[PDB]
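Report on one structure; see the data block that follows.
There are 2 protein chains.
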Amino acid sequence: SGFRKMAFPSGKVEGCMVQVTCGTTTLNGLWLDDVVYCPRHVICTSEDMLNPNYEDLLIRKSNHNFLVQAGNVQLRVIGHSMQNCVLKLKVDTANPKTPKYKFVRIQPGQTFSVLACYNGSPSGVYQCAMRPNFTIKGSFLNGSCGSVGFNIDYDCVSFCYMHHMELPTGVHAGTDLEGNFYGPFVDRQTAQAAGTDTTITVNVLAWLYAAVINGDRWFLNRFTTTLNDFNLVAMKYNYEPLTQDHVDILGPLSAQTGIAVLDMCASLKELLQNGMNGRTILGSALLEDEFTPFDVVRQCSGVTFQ
Amino acid sequence: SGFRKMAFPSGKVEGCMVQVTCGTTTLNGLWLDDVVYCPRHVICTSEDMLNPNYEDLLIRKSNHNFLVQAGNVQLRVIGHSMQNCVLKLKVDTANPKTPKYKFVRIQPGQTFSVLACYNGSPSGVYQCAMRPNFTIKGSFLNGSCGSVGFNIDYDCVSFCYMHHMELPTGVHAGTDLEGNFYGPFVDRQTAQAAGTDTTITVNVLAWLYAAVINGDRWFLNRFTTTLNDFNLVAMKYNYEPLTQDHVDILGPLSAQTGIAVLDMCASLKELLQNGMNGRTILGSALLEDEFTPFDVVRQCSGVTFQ
Ligand SMILES: [Zn+2]
Ligand SMILES: [Zn+2]
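Line order of the protein sequences matches chains E and B. According to UniProt numbering, the first sequence holds residues 3264 to 3569 in order. According to UniProt numbering, the second sequence holds residues 3264 to 3569 in order.
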């Protein structure tokens, strides 16, 4: 028992991080097969960040102007195209450490692990949520650009995020591994606004089920509710709408705990409507939305061998 | 900017985990050099847990009754002694993956990363605190015995914890790598009580300094206080005593932020004495004590290369 915000083990990823220097400007890259991937703004410096003309910048400092090191200066750079906001470095040799991997684009509310890196070496790892408004509330200092997010479980890494920028509020923004930003952001540094950030309701409910399995049961209803009256209330507190798709992904948990989804939904309301009381649930005085239903189950039925 | 409960990258540790089976009973072990380390209770089964006679148990199921696998059945077991609560398996070959490592015993209030493992393969990683009363509030299911905790930064692993038991309340208890329990616990399953758990005051204060560096400044005093009047109050809320040693480890942070320790101390009081208001600080509606002063600094001045 107990319950912690757990990250995936980072081993299969630490061996894929390199550094990329192009001029000054040196950041982290991702070395899979014979390709390094990294933020394309590694080709910029100063007032370039204000309005970069990426195509004009990239046609001048050539292939030998890019240094990629894996644990020492010695990868040969013999190619380059720009895929969206990502650079792509055709290089000399495969990584003798490249794990089984894949590139995925994930949806708001899903979680993943970030391996925070600075100039090519791992700093730490934490688990977080892609927010409804396509930002992440990360922990990034200067030099961590190119750090990646991923999911495991299986034999592999599913890569889903590359870090690109800090917005003027402390929030973080980045791309998939095809260089398409999540959300309406661009790799420039003028003025960029994200969402109202809403609470990921299906994740709160999944977390309430984890609390019941842990024996933190004081908040339980008995009441019930309609999915309409629920969603009517969820909203005026900036909780995203629960739908039938959400109800279905939660059924495994309903089955374990003997608590129907609509009943838990009825329980969430009173926490929202009436009080929380600064009673605690699973360590926290608020409500928690960075655990998916799969994350919570990831403990009964899947984390190692038969 | 931003601030997350970060764990150390787990790569150097994933390659040191094996499984150990001895009869039935199969758990995780730690393969360094030519030695596997694991909880000695891997030699028990049923009502053995009630009062194990470890010396009597161990003199019968011999060296070939122990199977140790690293990513496949094939390590040869040719030796064994019992060091305290830890088994110690003289085996055939060195691990071709053994990192630079060391064994350390740490003090209450210090933090480390746990690599939760089930039958020899990594499940996830999280960062936590050794509580004043020598327990940890972990996340462990059956089969995770032998999972280890560690600190990195450097070139290595500092190993500080091996998981042994869940107490009847959900709290967790274990040993150093010399098999000496942290706290007054024994690897038996009768009745065992731990502390009143107190709050790690020097860690709360370090976390308040992280909040100021992040720009979460609403709670700041200006007032001041005496170390006596502070400690008088800290206590009746079950906060451990701040001492001059604590004040000294915090000086680097005081210097960065321009806020003297006694002034932050004066600020902590009002949070304790008057209200919190369910205003938030750095994500949390409470106060947070699983970040050390070193953890908080670990971001300005040390996490990669020059
Ligand atoms: Zn950058
Ligand atoms: Zn056990």
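Quick reminder that beta carbons are idealized off the backbone N, C-alpha and C, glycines included.
Within chain B, the residues that residue i reaches when beta carbons sit closer than 7 Å
{"i": "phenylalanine 3554 of chain E", "result": "By Cβ distance, chain B contributes nothing, its closest Cβ being about 12 Å from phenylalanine 3554 of chain E, past 7 Å."}
{"i": "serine 3402 of chain E", "result": "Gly3265, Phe3266, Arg3267, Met3269"}
{"i": "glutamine 3562 of chain E", "result": "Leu3404"}
Reference residue i, options the options, closest by Cα
{"i": "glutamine 3370 of chain E", "options": "E:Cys3391, E:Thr3462, E:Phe3397", "result": "E:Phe3397"}
{"i": "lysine 3324 of chain B", "options": "B:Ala3333, B:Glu3310, B:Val3336, B:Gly3342", "result": "B:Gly3342"}
{"i": "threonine 3489 of chain E", "options": "E:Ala3529, E:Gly3541, E:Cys3419, E:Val3510", "result": "E:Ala3529"}
{"i": "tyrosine 3389 of chain B", "options": "B:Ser3402, B:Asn3382, B:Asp3297", "result": "B:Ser3402"}
{"i": "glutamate 3277 of chain B", "options": "B:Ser3376, B:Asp3492, B:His3327", "result": "B:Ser3376"}
{"i": "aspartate 3439 of chain E", "options": "E:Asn3405, E:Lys3363, E:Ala3523, E:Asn3347", "result": "E:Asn3347"}
{"i": "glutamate 3533 of chain B", "options": "B:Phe3482, B:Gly3546, B:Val3559", "result": "B:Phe3482"}
{"i": "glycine 3442 of chain E", "options": "E:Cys3423, E:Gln3455, E:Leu3430, E:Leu3516", "result": "E:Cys3423"}
{"i": "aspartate 3479 of chain E", "options": "E:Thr3567, E:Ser3547, E:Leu3321, E:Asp3450", "result": "E:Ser3547"}
{"i": "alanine 3379 of chain E", "options": "E:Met3425, E:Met3269, E:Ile3476, E:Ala3392", "result": "E:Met3425"}
{"i": "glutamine 3337 of chain B", "options": "B:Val3283, B:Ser3344, B:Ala3270", "result": "B:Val3283"}
{"i": "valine 3281 of chain E", "options": "E:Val3298, E:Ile3544, E:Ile3463", "result": "E:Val3298"}
{"i": "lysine 3499 of chain B", "options": "B:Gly3446, B:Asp3450, B:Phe3568, B:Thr3464", "result": "B:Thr3464"}
{"i": "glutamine 3519 of chain E", "options": "E:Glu3551, E:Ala3474, E:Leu3545", "result": "E:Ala3474"}
Inter-residue Cα distance where the pair is residue i and residue j
{"i": "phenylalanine 3448 of chain B", "j": "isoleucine 3415 of chain B", "result": "27 Å"}
{"i": "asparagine 3494 of chain B", "j": "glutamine 3507 of chain B", "result": "12 Å"}
{"i": "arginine 3339 of chain B", "j": "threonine 3453 of chain B", "result": "35 Å"}
{"i": "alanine 3436 of chain B", "j": "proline 3302 of chain B", "result": "12 Å"}
{"i": "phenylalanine 3413 of chain B", "j": "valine 3305 of chain E", "result": "34 Å"}
{"i": "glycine 3521 of chain B", "j": "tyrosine 3317 of chain B", "result": "56 Å"}
{"i": "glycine 3458 of chain E", "j": "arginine 3394 of chain E", "result": "9 Å"}
{"i": "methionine 3312 of chain E", "j": "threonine 3288 of chain E", "result": "12 Å"}
{"i": "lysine 3351 of chain E", "j": "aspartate 3296 of chain E", "result": "12 Å"}
{"i": "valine 3496 of chain B", "j": "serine 3421 of chain E", "result": "50 Å"}
{"i": "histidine 3427 of chain E", "j": "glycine 3265 of chain B", "result": "15 Å"}
{"i": "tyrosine 3381 of chain E", "j": "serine 3564 of chain B", "result": "12 Å"}
{"i": "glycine 3292 of chain B", "j": "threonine 3374 of chain E", "result": "30 Å"}
{"i": "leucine 3505 of chain B", "j": "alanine 3469 of chain B", "result": "12 Å"}
{"i": "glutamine 3332 of chain B", "j": "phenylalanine 3366 of chain E", "result": "32 Å"}
{"i": "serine 3309 of chain E", "j": "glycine 3387 of chain E", "result": "28 Å"}
{"i": "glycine 3406 of chain E", "j": "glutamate 3429 of chain E", "result": "12 Å"}
{"i": "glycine 3372 of chain E", "j": "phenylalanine 3329 of chain B", "result": "45 Å"}
{"i": "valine 3354 of chain B", "j": "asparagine 3335 of chain B", "result": "15 Å"}
{"i": "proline 3515 of chain B", "j": "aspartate 3526 of chain B", "result": "15 Å"}
{"i": "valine 3559 of chain B", "j": "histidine 3327 of chain B", "result": "48 Å"}
{"i": "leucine 3290 of chain E", "j": "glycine 3383 of chain E", "result": "7 Å"}
Paired residues, beta bridge with residue i - DSSP
{"i": "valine 3566 of chain E", "result": "According to DSSP, which records beta bridges pairwise, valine 3566 of chain E is partnered with nothing at all."}
{"i": "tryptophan 3294 of chain B", "result": "B:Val3299"}
{"i": "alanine 3392 of chain E", "result": "E:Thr3374"}
{"i": "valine 3276 of chain B", "result": "According to DSSP, which records beta bridges pairwise, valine 3276 of chain B is partnered with nothing at all."}
{"i": "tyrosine 3424 of chain B", "result": "B:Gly3412"}
{"i": "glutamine 3332 of chain E", "result": "E:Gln3282, E:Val3336"}
{"i": "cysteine 3380 of chain E", "result": "E:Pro3385"}
{"i": "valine 3354 of chain B", "result": "B:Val3340"}
{"i": "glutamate 3318 of chain B", "result": "Beta-bridge pairing links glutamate 3318 of chain B to no other residue."}
{"i": "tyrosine 3502 of chain E", "result": "E:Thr3462"}
Contact set between residue i and chain B, taken where Cβ atoms lie within less than 9 Å
{"i": "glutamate 3277 of chain E", "result": "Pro3272, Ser3273, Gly3274, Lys3275"}
Residue i, buried or exposed, once every other Cβ within 10 Å from all chains shown has been counted against 16
{"i": "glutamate 3553 of chain B", "result": "buried"}
{"i": "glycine 3541 of chain B", "result": "exposed"}
{"i": "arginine 3485 of chain B", "result": "exposed"}
{"i": "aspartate 3511 of chain E", "result": "exposed"}
{"i": "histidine 3509 of chain E", "result": "buried"}
{"i": "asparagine 3358 of chain B", "result": "buried"}
{"i": "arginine 3267 of chain E", "result": "buried"}
{"i": "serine 3410 of chain B", "result": "buried"}
{"i": "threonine 3555 of chain B", "result": "buried"}
{"i": "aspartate 3492 of chain B", "result": "exposed"}
{"i": "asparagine 3466 of chain E", "result": "buried"}
{"i": "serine 3344 of chain B", "result": "exposed"}
{"i": "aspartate 3319 of chain B", "result": "exposed"}
{"i": "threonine 3432 of chain E", "result": "exposed"}
{"i": "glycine 3538 of chain E", "result": "exposed"}
{"i": "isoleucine 3322 of chain B", "result": "exposed"}
{"i": "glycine 3286 of chain E", "result": "exposed"}
Within chain E, partners of residue i - CB distance below 9 Å
{"i": "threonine 3567 of chain B", "result": "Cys3380, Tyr3381, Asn3382, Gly3383, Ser3384, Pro3385, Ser3386, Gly3406"}
Interface residues of chain E facing residue i [CB-CB closer than 7 Å]
{"i": "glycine 3541 of chain B", "result": "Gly3541"}
{"i": "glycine 3442 of chain B", "result": "Neighbours of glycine 3442 of chain B on chain E: none; closest Cβ ~23 Å, over 7 Å."}
{"i": "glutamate 3429 of chain B", "result": "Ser3264"}
Where residue i meets chain B, residues with beta-carbon distance less than 8 Å
{"i": "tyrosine 3389 of chain E", "result": "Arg3267, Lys3268, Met3269, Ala3270"}
{"i": "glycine 3433 of chain E", "result": "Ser3264, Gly3265, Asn3477, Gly3478"}
Neighbour flag for residue i against chain C, beta carbons, 9 Å
{"i": "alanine 3454 of chain B", "result": "This model lacks chain C altogether, as its protein chains are E and B."}
Near ligand 4: residue i beta-carbon under 8 Å from a heavy atom
{"i": "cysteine 3408 of chain E", "result": "Looking at this structure, you won't find ligand 4 anywhere; what it does contain is ligand 1 and ligand 2."}
Interface residues of chain E facing residue i [CB-CB closer than 8 Å]
{"i": "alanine 3548 of chain B", "result": "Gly3541, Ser3547, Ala3548, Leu3549"}
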